[PDB]
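Asker: Chains as they are written, first to last, in PDB author numbering: chain AG, 791 to 824; chain VG, 791 to 824; chain CG, 791 to 824; chain BG, 791 to 824; chain CH, 105 to 263; chain CF, 207 to 269; chain BF, 207 to 269; chain AF, 207 to 269; chain ZF, 207 to 269. In this text, a Cβ means the ideal position worked out from N, Cα and C, and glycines have one as well. Below: one structure in structure tokens.
Here is the structure:
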């Protein structure tokens, strides 16, 4: 029974990092040459 | 009996703010244009 | 009985924020262009 | 019984974050080129 | 092997306490609350444009301007022929209830009311006149004046 | 006759405009030509009661 | 006749446009030529009830 | 006849393009020429239900 | 006939190149000329299943 609550806390830490990485979108870069 | 004395203190607070607002008269403003 | 007193105090916080927002009137802005 | 009050407090935290995100409106940006 | 299915569904409910159905229902609650907040009691005033003649006799009554809180009313001054009459100066009583914007040379005043039911008066001096023109300003009526054209009895610098 | 219309009303006074372009102001006890004596000034709902039974209101096209 | 369409509506008022290009604004009790009396201004769903039974709504191509 | 194709769809609206190059926008209750009345706008999967039984979808070469 | 070869594959899409130099992109349900309907896009191992029974893979000299 108590192994379910230990496994649930492990998955919540990993899922918070996965969702936070999917939020990040970097702005495009325009390079002008002459 | 004691609910009358509670109601009297609430009306005295509201009547003090109402009388103080009626005292305020703002000075006229003269605007010159050229 | 005590659930009425808990519900009433929640309505004072909501009504005070509603009345204070209705008092606010912003000054007009005149823009000159040349 | 007690699991209802635990679930209710979790939903209030998520609903407060959702409401203030809908309140935010960004100003338009005008770009002049020459 | 069956623990992994049990731990995944309880993790999902902690990560997302609101269903996609419940997010949609919460958005309808929020915009209905803003609709009741912005609604005005009674009926809103009718937006109108008017035109009056101003008599400088010592028997007549001063003209009336209808205002509304947060709205702009523009007053333009004309002579008896209809040409514009530029404004020299003005004097406003109770500046806590009304706000006036004016470029220093034109003939148009723009007045916004700040309070709901407080009324006052205003004095306007024109360029060629010695007699000042006196008005009264009452807000909170069933009509709001978007623009008032005022005919003044004399003759201005343009004719 | 001459039809009078309410232009602006506060508690106590009322400003009236006639079909001739004439402008009046009235109090609780006052004379209106062609109407008689003012009986009641009702600042809410825009009604003025007159001793002859006629009711002066806002104009239909300006309200 | 002349067909009227709702241009904008808030609680209380409604702005109408006609097939002639004429523009109107109406209240709860008001004059409409060719329709009669305003009976109910219902700001949600864009419906105006009229005493002759006709319903003034938003235009089909502008909604 | 004229074949219509879905160009973009959100909940509520849908933007359509025809074989003539004409562009339309439709709501839940709306008229489409040659098709009838919109019955259901289903924003997922790109399907629009019509009262005549035809289904308007995305184009085969543009999807 | 024309022989198609896999150029790049991700989950969902696949980019193809033909013997004529023509380039296509396909989804799960799509048409390929000379092959029929796409039945399964399997991003691992570079295999695409087709309704006619043929299998489109990477080119032998380019893999």
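Whose C-beta lies closer than 7 angstroms to the C-beta of residue 260 of chain CF among residues of the same chain, with five residues either side of it excluded?
Answerer: Contacts found: 241.
Asker: Use the C-beta contact count for residue 115 of chain CH: other C-beta atoms within 10 angstroms, 16 or more gives buried, fewer gives exposed.
Answerer: Residue 115 of chain CH is buried by the Cβ-count criterion.
Asker: What residue range is occupied by the uninterrupted beta strand (DSSP E) comprising residue 223 of chain ZF?
Answerer: Here the beta strand (DSSP E) through residue 223 of chain ZF covers 220-224.
Asker: So, residue 210 of chain CH versus residue 190 of chain CH, is the Cβ gap smaller than 8 angstroms?
Answerer: Yes; because the gap between Cβ atoms is below 8 angstroms, this pair is in contact.
Asker: Roughly how many whole angstroms lie between the Cα atoms of residue 145 of chain CH and residue 218 of chain BF?
Answerer: Roughly 9 angstroms between the two C-alpha positions.
Asker: DSSP state of residue 823 of chain AG, grouped into three classes?
Answerer: In the structure shown, residue 823 of chain AG sits in coil (DSSP, three-state: anything other than H, G, I, E or B).
Asker: What are the start and end residues of the beta strand (DSSP E) that includes residue 248 of chain BF?
Answerer: Element bounds for residue 248 of chain BF: 242-248.
Asker: Tell whether a beta-carbon distance below 8 angstroms holds between residue 152 of chain CH and residue 248 of chain CF.
Answerer: No, Cβ-Cβ distance for residue 152 of chain CH and residue 248 of chain CF is not below 8 angstroms.
Asker: Around the Cβ of residue 112 of chain CH, are there at least 16 other Cβ atoms within 10 angstroms (buried) or fewer (exposed)?
Answerer: So residue 112 of chain CH counts as exposed.
Asker: Please confirm if residue 127 of chain CH has its CB atom under 8 angstroms from at least one CB of chain BG.
Answerer: It does; some Cβ of chain BG falls within 8 angstroms.
Asker: Applying the criterion that 16 or more other CB atoms from any shown protein chain within 10 Å of the CB defines a buried residue, is residue 215 of chain AF buried or exposed?
Answerer: Buried, because 16 or more other Cβ atoms sit within 10 Å of the Cβ of residue 215 of chain AF.
Asker: Following the continuous alpha helix (DSSP H) through residue 797 of chain CG, name the residue where it begins and the one where it ends.
Answerer: Where residue 797 of chain CG is concerned, the enclosing alpha helix (DSSP H) stretches over 792-813.
Asker: Starting from residue 189 of chain CH, find everything on chain VG with Cβ-Cβ shorter than 7 angstroms and list it in chain order.
Answerer: Those do not exist, as residue 189 of chain CH stays about 14 angstroms from chain VG at its closest Cβ, beyond 7 angstroms.
Asker: The beta strand (DSSP E) spanning residue 157 of chain CH covers which residue range?
Answerer: Counting along the chain, the beta strand (DSSP E) containing residue 157 of chain CH begins and ends at 150-158.
Asker: Taking residue 816 of chain CG as the reference, give the member of CH/184, CH/202, CH/106 and CH/154 with the closest Cα.
Answerer: With distances taken between Cα atoms, residue 816 of chain CG lies closest to CH/202.
Asker: Check for me: the beta strand (DSSP E) holding residue 232 of chain ZF runs from which residue to which?
Answerer: Per DSSP, residue 232 of chain ZF belongs to the beta strand (DSSP E) from 229-232.
Asker: So, with DSSP's three-state summary, where would you put residue 251 of chain BF?
Answerer: Helix.
Asker: Using beta carbons (cut-off 8 angstroms, strictly below), is residue 800 of chain BG in contact with chain CH?
Answerer: Cβ-Cβ to chain CH under 8 angstroms: yes for residue 800 of chain BG.
Asker: Give me the subset of the stretch 220-239 of chain CH whose CB atoms are less than 8 angstroms from a CB atom of chain CG, sorted by chain position.
Answerer: Flagged: no residues at all.
Asker: If you measure between the beta carbons of residue 239 of chain CH and residue 248 of chain CH, is that distance less than 8 angstroms?
Answerer: Not closer than 8 angstroms, so no.
Asker: How far does the beta strand (DSSP E) with residue 192 of chain CH in it extend, from its first residue to its last?
Answerer: Residue 192 of chain CH -> beta strand (DSSP E) spans 191-196.
Asker: Measuring only the C-alpha atoms, how far is residue 234 of chain ZF from residue 107 of chain CH?
Answerer: Residue 234 of chain ZF and residue 107 of chain CH: Cα-Cα distance of roughly 34 angstroms.
Asker: Nearest chain CH C-beta to residue 809 of chain VG closer than 8 angstroms, yes or no?
Answerer: No, residue 809 of chain VG lies away from the interface with chain CH (no Cβ there is under 8 angstroms from its Cβ).
Asker: Have a look at residue 819 of chain BG and residue 824 of chain CG and give me their C-alpha separation to the nearest angstrom.
Answerer: Computed Cα separation, rounded: 21 angstroms.
Asker: Alpha carbon to alpha carbon, what distance is there between residue 122 of chain CH and residue 800 of chain AG?
Answerer: About 22 angstroms.
Asker: Taking only three categories from DSSP, how would you classify residue 126 of chain CH?
Answerer: Of the three classes helix, strand and coil, the one that applies to residue 126 of chain CH here is helix, per DSSP.
Asker: Apply the 10 Å Cβ neighbour rule to residue 251 of chain CF and answer buried if 16 or more other Cβ atoms are within range, or exposed otherwise.
Answerer: Classification for residue 251 of chain CF: exposed.
Asker: Using CA atoms only, rank isn't needed, just tell me which of CH/128, CH/185 and CH/162 is closest to residue 237 of chain CH.
Answerer: Closest option to residue 237 of chain CH, Cα to Cα, is CH/162.
Asker: For residue 813 of chain VG, count the other beta carbons within 10 Å of its own beta carbon; 16 or more makes it buried, fewer makes it exposed. Which is it?
Answerer: Residue 813 of chain VG comes out exposed.
Asker: Which bits of chain CG does residue 203 of chain CH rub up against, with CB to CB less than 7 angstroms?
Answerer: Within 7 angstroms Cβ-Cβ: 817 and 818.
Asker: Does the beta-carbon distance from residue 231 of chain ZF to residue 223 of chain ZF come in below 8 angstroms?
Answerer: Not closer than 8 angstroms, so no.
Asker: Who are the near neighbours of residue 169 of chain CH in its chain, counting only those whose CB is closer than 8 angstroms to its CB and skipping five residues on each side?
Answerer: Closer than 8 angstroms at Cβ, skipping near neighbours: 177, 179, 215, 239, 240, 241, 242, 249 and 252.
Asker: Opposite residue 205 of chain CH in the DSSP bridges: which residues?
Answerer: In DSSP, residue 205 of chain CH forms a bridge with CH/214.
Asker: Select from ZF/255, ZF/237, ZF/239 and ZF/208 the residue whose C-alpha is nearest the C-alpha of residue 225 of chain ZF.
Answerer: When only C-alpha atoms are compared, the closest one is ZF/208.
Asker: Provide the residue(s) that pair with residue 210 of chain AF in DSSP beta bridges, ordered along the chain.
Answerer: Beta-bridge pairing links residue 210 of chain AF to AF/224.
Asker: Do residue 226 of chain CH and residue 254 of chain CH have their beta-carbon atoms positioned less than 8 angstroms apart in this structure?
Answerer: No, Cβ-Cβ distance for residue 254 of chain CH and residue 226 of chain CH is not below 8 angstroms.
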